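Undergrad: Pasting an experimental structure, sequence included:
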Amino acid sequence: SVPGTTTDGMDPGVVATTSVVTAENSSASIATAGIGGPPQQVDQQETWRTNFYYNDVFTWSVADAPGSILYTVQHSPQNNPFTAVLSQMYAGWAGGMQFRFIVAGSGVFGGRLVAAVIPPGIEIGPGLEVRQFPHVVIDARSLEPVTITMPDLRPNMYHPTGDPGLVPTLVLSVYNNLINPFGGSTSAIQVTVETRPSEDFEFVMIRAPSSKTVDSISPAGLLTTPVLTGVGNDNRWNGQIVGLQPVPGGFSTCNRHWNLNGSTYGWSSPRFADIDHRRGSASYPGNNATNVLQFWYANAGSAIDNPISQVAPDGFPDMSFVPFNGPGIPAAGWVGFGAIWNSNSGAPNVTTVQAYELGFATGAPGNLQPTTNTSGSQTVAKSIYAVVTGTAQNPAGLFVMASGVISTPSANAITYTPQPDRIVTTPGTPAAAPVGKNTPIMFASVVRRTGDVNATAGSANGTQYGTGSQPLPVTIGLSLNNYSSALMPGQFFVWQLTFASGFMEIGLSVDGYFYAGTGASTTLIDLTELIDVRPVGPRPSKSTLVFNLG
Amino acid sequence: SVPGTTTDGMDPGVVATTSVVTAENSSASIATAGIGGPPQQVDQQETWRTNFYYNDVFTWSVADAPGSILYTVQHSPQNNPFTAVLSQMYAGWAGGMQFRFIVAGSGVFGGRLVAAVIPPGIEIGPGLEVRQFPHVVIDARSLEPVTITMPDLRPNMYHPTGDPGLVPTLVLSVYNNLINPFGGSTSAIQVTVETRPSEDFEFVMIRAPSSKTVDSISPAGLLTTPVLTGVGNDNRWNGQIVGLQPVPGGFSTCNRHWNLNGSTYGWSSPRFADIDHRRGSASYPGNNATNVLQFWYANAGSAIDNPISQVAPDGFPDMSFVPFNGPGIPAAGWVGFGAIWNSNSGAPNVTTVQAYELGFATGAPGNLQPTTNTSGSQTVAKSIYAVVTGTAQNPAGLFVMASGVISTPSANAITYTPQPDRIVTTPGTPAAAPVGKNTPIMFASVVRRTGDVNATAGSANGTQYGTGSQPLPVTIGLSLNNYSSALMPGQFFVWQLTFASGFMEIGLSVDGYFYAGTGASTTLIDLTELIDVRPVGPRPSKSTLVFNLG
Amino acid sequence: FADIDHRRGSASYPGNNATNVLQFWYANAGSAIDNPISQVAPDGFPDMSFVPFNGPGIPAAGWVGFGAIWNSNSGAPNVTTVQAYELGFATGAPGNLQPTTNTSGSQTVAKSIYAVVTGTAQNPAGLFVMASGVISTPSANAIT
């Protein structure tokens, strides 16, 4: 006898068929994937083919209404961890994949789940009625696993590895409300999804692995475990990422931000080199030239140095200029050490070296006001400390070092200084907006300031944070590879961030912005107990990313 | 007709073979291990190899997330009691070992366990995902036992007892969260692991009893019952350990601290002898050389006679200096009965023998400041009482007894000394951090005070508890042996203290520090009713130690 | 490539007048108790020998990087001591500045290449220099 309480790795449990799984589909799938040649990696006795391996886990609570979606997977060789390795030596794939669900509940629970394979060409999200497709209904009291097969319903004769085309989507939604007849704090059970290729899965043509690599067919390898723990910086301050900042209002970052199409709207390369502009006018107030505040300005659009955009010099911060006058230190400003140099010889001036506040403004000879649009604006520098003399040369130049620190009027730290009310954006960049319970996030790094240059993380004076839209390895890999055929609009590419106590998901839209499903919470995420990052793949944007840190 | 509620000692239950148990692995194991000669203790009728016997027990909480480690053991003869008895009687082994798990839960529980056998080359830590290996799933409502056999996968032809090399590892983690539908106080069940050798297990060479190499006998012998309720002293002072106190936040002690791998980062060999220096200057304030306070200092690095490190003389305490001036005695610190002496075959001076407080200062003899880091500092010593003479020669030195006390001005309740903000550290020290609910602990003792000679544990005011990092018999037994392969890093060697009304588990990490699962409490735990100590062994850091106290 | 931040290194400036002086800073190698990797020098310090210079003469082939002197008791940088500081390793900081290659018995030495008004003479003072560095060249023309 074999009890139902212990299940083998190769045991499928009960096999739950659906009208979408037909012999005609299987025979047509084999017969027309044969245009790739003989099927490859089809040995039935291989260990990667015979066992089920983990794909996901999800929670089913009593508050989950009938029709609400709990699980959604897209047909891919990236669901299985071993067909994802084998796809790096083959140029195509076809066939189906089995999905084994193990429900972890007792015999006292009620409520049921429903499972349908959704054909390609149908939008996946809320309002998709899973119970009016051909479906299967699973109890909460299932002891044995329930494996359903996802066939290859494809309009192409095989899926190329780079662009697969249209694929089905397996949806597990709530059929009936899960009930606990006991009543109390214990109202949730868990369902584990595992996966294994079907008997008619195959790869079709071989190809050299030095062709389109793992970094060009999916953005799974961009956001790996050392990137988010201690190695990757951000794309604004070049500082070690120590957290995530949820932005419930939404923001819009243009500079050093790459979308999933391999394009940018900014004026900066994916690197932190210096800001060097030629022929911008420099000036200094009054008639006396001792301890004066050096000023520099140049119209946006006349920076003919960058092969990416003519708006601003490379590495210029996309922050509005905060106005200040006299010997008063401004609040929340990008300042960076630099100098004024004569354009005719390239020689920097001896005495005009200071920490210059860099930003975007509107009227440089008159009243200095901040701005966000680059149109009709100008890139404006002005030193925050005293400079002896000052170059009043009109064709003069400005050279400012790459990384920047925070201007703070006192020793005490302030909030994260690129707030969305002052981030400079060209006309045309799309904005990150909260979709469902998923709010956009930034990537906080500890950035020191001009009030305490000894201030580190956890300083008793107060810790200072600067935020970026993307990690630098993420936007470095996004500029080098194109992932248009990896995510439709209205979809996220989700990773899982396992922590020491909890676990929580982030997702990347086609715009390039990252999202965590935290709702309206503004509390910074610690990112210190982060142990593991793994990808799970394309998911709907209107499906809440999980977030529990307790 | 056994009903399944009662299991025989020889009964495995349901056998669950994942993918590693194969017939030709067994054949390639048996035939290959004839390089040790004829196999020994291979009689498949002996009761030590036909019955399952107790190995370990572990607790499965409802708070253990999926993927959390519950029970991992490397392949060893030490996983069975009688194989651990015979392993000191033999010098090599090969073959598998069966693991019978018995889950103690009723039919109202839910949740699953997952068990895999990990191949020998794979590193086991935070990034290991166990559900993506060939595995088996076990329900919490398992009545009959489940037996998972780990085979002998090895690149060597056998396993030497002193250096087995690459072994497989059985890893049993949480597949699904444990659920109690009642909720309430009951939030954990227990699983008992029994063990029995496989059909192909054997020993080879005999060797003399107690004679093996690497994987030195696990450090179960350096911490026995008396250490806590009898002999056994501290690291800063020579007193009996009257209790343990948990520090929330962590600490760092690097004076008499030896790590798993035999090494020290600091001075002061583990013996309370005396403090002696030869080079260093003496000075006194005041124009009159009568009723003054002597002032000795030397720089950190003039300890030429110290053979361990140059930064301090041998026996000099790691207490930052408390700056004081006048007839008011300082608050806490390290004073000691000592004297001054001159160099060039010079005996100590008769008229100056006094209690001197020692420490590390910066900016002597002007504004004396306490010092946190050992590098870039200077050692200092000055009298707390009056002495009618002072010497001012440039070569001068101390002679201070090695046992020390704490100088308290009014001396009522006070505070345990030293605090975690008062311990000096060499550069490059490892820092103790709270992992999960486990906090570092630190051993207290009763120490006399200068204000009150009767510092007895009774009436007339509460006592002063002087605190040290690790016990001195542990340091004495661990300064010679090397335990680099005894304990796998990322876990700790846990014991089991048994009081008169409860029990508390104490873990010992690879840094030499001790961990307890008390939580966020600063309550001193009194070792008066402690009876006996029984070792448990290796347990990972994700498991929380128990705190069942009366 | 993060910044160079050292606590308690002595700072000084020559002469008695404090206008357009060359700011100087030095700290013994081995007393940088900030790095969890080695105590020799602060994190990001260049492994280049200090090339000596004096007066208003620009040195040849030196690591220079923009920075400031800050008071250690509060962390506040000074307003006026911001310049391009040459960073290197030397042997005698109060006496004759000579280059060195071995870290043993040497010191990490900073000294600005342009004029600085006033100058902190505080012994426990600190130095904060930005991460990336540029070349010091005595003329417009490049060198090896």
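TA: It's in. Residues are numbered from 1 along each chain as shown, chains lettered A, B, ... in the order given.
Undergrad: can you pull the buried residues of the lengthiest helix in chain A?
TA: Longest helix of chain A, by residue count under DSSP state H: helix A:23-33. Neighbour-count burial for helix A:23-33, with 16 or more other CB atoms under 10 Å in any protein chain shown as criterion, is recorded at A:25, A:26, A:29, A:30, A:33. Using the backbone N, CA and C atoms, a C-beta is placed for each residue, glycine as well.
Undergrad: what distance separates that helix from the centre of its chain?
TA: Distance of helix A:23-33 from the chain centroid (CA atoms, centre = their mean, to the nearest Å) equals 38 Å.
Undergrad: helix or strand right after that helix?
TA: Using DSSP states H and E, the next helix or strand after helix A:23-33 towards the C-terminus is helix A:47-50.
Undergrad: what's the next helix or strand along the chain from that following helix in contact with?
TA: Next helix or strand after helix A:47-50 toward the C-terminus (DSSP H and E): strand A:53-61. For strand A:53-61, the external contacting residues (CB atoms under 8 Å, 6 or more residues apart in numbering or on different chains) are A:70-71, A:73, A:79-82, A:99, A:111, A:113, A:140, A:172, A:174, A:178, A:187-196, A:536, A:546, B:66, B:129, B:131-133, B:176.
Undergrad: And the contacts of stretch A:289-301?
TA: A:277, A:279-286, A:310-312, A:325, A:340, A:352, A:354, A:356, A:360-361, A:364, A:374-375, A:377-384, A:386-391, A:396, A:398.
Undergrad: Any idea how far it is from the middle of the chain?
TA: That offset, for stretch A:289-301, works out to 38 Å (CA atoms, centre = their mean).
Undergrad: Send over it as CSV, restricted to the C-alpha atoms.
TA: Extracted C-alpha coordinates of stretch A:289-301, given in CSV (Å, rounded to 0.1, in the frame of the first residue of the first chain):
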residue,chain,number,x,y,z
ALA,A,289,35.4,89.5,-6.2
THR,A,290,36.3,88.0,-2.8
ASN,A,291,34.2,85.2,-1.2
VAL,A,292,31.6,85.5,-4.0
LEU,A,293,29.3,82.7,-5.0
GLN,A,294,30.3,81.6,-8.5
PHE,A,295,27.5,81.1,-11.0
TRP,A,296,27.2,79.3,-14.3
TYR,A,297,24.3,78.7,-16.7
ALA,A,298,23.7,77.3,-20.1
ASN,A,299,20.5,76.8,-22.1
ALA,A,300,19.2,73.3,-22.3
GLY,A,301,19.4,72.1,-25.9
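Undergrad: helices and strands around the longest strand that chain A contains, which ones?
TA: Secondary structure of chain A per DSSP state E: the longest strand is strand A:348-361. On a contact count with 3 or more CB pairs under 8 Å, 6 or more residues apart in numbering or on different chains; DSSP states H and E, strand A:348-361 meets strand A:333-341, strand A:378-383, strand A:397-400, strand C:77-90.
Undergrad: Tabulate these (CSV), appending distance to residue A:489.
TA: Below are these laid out as CSV (distance: least, CB to CB, whole Å):
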stretch, distance to residue A:489
strand A:333-341, 33
strand A:378-383, 33
strand A:397-400, 38
strand C:77-90, 47
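Undergrad: For residue A:541, which of those strands is the nearest?
TA: Of all the helices and strands packed on strand A:348-361, strand A:333-341 sits nearest to residue A:541, with 31.8 Å by CB to CB.
Undergrad: List the neighbouring strands of the closest one plus their orientation.
TA: Looking at strand A:333-341 with DSSP bridges, its partner strands are strand A:348-361 (antiparallel), strand A:397-400 (antiparallel), strand A:405-407 (antiparallel).
Undergrad: Specify the angle between the first one and strand A:295-299 in degrees.
TA: It refers to strand A:348-361. Angle of strand A:348-361 versus strand A:295-299, following axes from the mean of the first three to the mean of the last three CA atoms, to 10 degrees, is 60 degrees.
Undergrad: What residues does the residue of the stretch 401-550 of chain A found nearest chain B make contact with?
TA: Chain B sits closest to residue A:531 of the stretch 401-550 of chain A, with a gap of 4.0 Å, by CB to the nearest CB. By CB under 8 Å, 6+ apart, the contact list for residue A:531 reads A:225, A:498, A:499, A:500, B:126, B:127.
Undergrad: Narrow those residues to those that are buried.
TA: Buried residues within those, counting neighbours by 16+ other CB under 10 Å: A:225, A:498, A:499, A:500, B:126.
Undergrad: In the sheet, which residues pair with residue A:442? Tell me.
TA: Judged by DSSP bridges, the bridge partners of residue A:442 are residue A:245.
Undergrad: neighbours around it, how many?
TA: Per other CB atoms under 10 Å in any protein chain shown, the neighbour tally for residue A:442 reads 28.
Undergrad: Flag every residue of the stretch 151-300 of chain A that's near chain C.
TA: For the stretch 151-300 of chain A, the contact set with chain C under CB under 8 Å from any CB of the partner chain comprises A:238, A:239, A:240, A:274.
Undergrad: what about the last one, how many residues close to it?
TA: By that I understand residue A:274. 16.
Undergrad: Kindly report the same for residue A:255.
TA: 27.
Undergrad: Please apply the same query to residue A:131.
TA: Other residues near residue A:131 come to 14 when the count uses other CB under 10 Å.
Undergrad: Near chain C, which residues of the stretch 451-550 of chain A? Just list them.
TA: Proximity of the stretch 451-550 of chain A to chain C, by CB under 8 Å from any CB, involves residues A:451, A:452, A:453, A:454, A:455, A:461.
Undergrad: Closest one of these to residue B:260?
TA: residue A:454 (34.5 Å).
Undergrad: what sits against that closest one?
TA: C:5, C:7, C:70, C:72, C:75, C:126.
Undergrad: So which bits of stretch A:261-277 are buried?
TA: Buried residues in stretch A:261-277, counted by 16+ other CB under 10 Å: A:264, A:265, A:266, A:267, A:268, A:269, A:270, A:272, A:274, A:275, A:276, A:277.
Undergrad: cool, and stretch A:173-189?
TA: Residues of stretch A:173-189 classed as buried by neighbour count (16+ other CB under 10 Å): A:173, A:174, A:175, A:177, A:178, A:180, A:186, A:187, A:188, A:189.
Undergrad: OK, now which residue of the stretch 301-450 of chain A is nearest to chain C?
TA: Closest contact between the stretch 301-450 of chain A and chain C, by CB to the nearest CB, is at residue A:337 (3.6 Å).
Undergrad: That residue: neighbour count?
TA: 23.
Undergrad: again, but for the one 4 residues further on
TA: In terms of burial, residue A:341 registers 22 neighbours under the definition other CB under 10 Å.
Undergrad: I'd guessed it sits against residue A:397; true?
TA: Yes: counting by CB atoms under 8 Å, residue A:341 does reach residue A:397; the two are 4.8 Å apart.
Undergrad: Once you drop chain neighbours, what's closest to residue A:191?
TA: In space, and not counting its chain neighbours, residue A:191 is closest to residue A:103: 5.1 Å by CB to CB, 6 or more residues apart in numbering or on different chains.
Undergrad: For that neighbour, list the residues it contacts.
TA: A:113, A:138, A:139, A:140, A:141, A:142, A:146, A:189, A:191.
Undergrad: near chain B at all, stretch A:227-236?
TA: No: residues of stretch A:227-236 are not located near chain B by CB under 8 Å from any CB, the shortest gap being 10.6 Å.
Undergrad: Name the residues of that stretch that are buried.
TA: In terms of neighbour count (16+ other CB under 10 Å), stretch A:227-236 has its buried residues at A:227, A:228, A:229, A:232, A:233, A:234, A:235, A:236.
Undergrad: same thing with stretch A:320-337?
TA: Using 16+ other CB under 10 Å as the test for burial, stretch A:320-337 gives A:320-324, A:329-330, A:332-337.
Undergrad: Pick out the residue of the stretch 351-500 of chain A closest to chain C.
TA: Nearest residue of the stretch 351-500 of chain A to chain C: residue A:452, at 3.6 Å (CB to the nearest CB).
Undergrad: How many neighbouring residues does that residue have?
TA: Neighbourhood size, residue A:452 [other CB under 10 Å]: 23.
Undergrad: you'd agree it is up against residue A:411?
TA: Yes: between residue A:452 and residue A:411 a contact is recorded at 5.2 Å, counting by CB under 8 Å.
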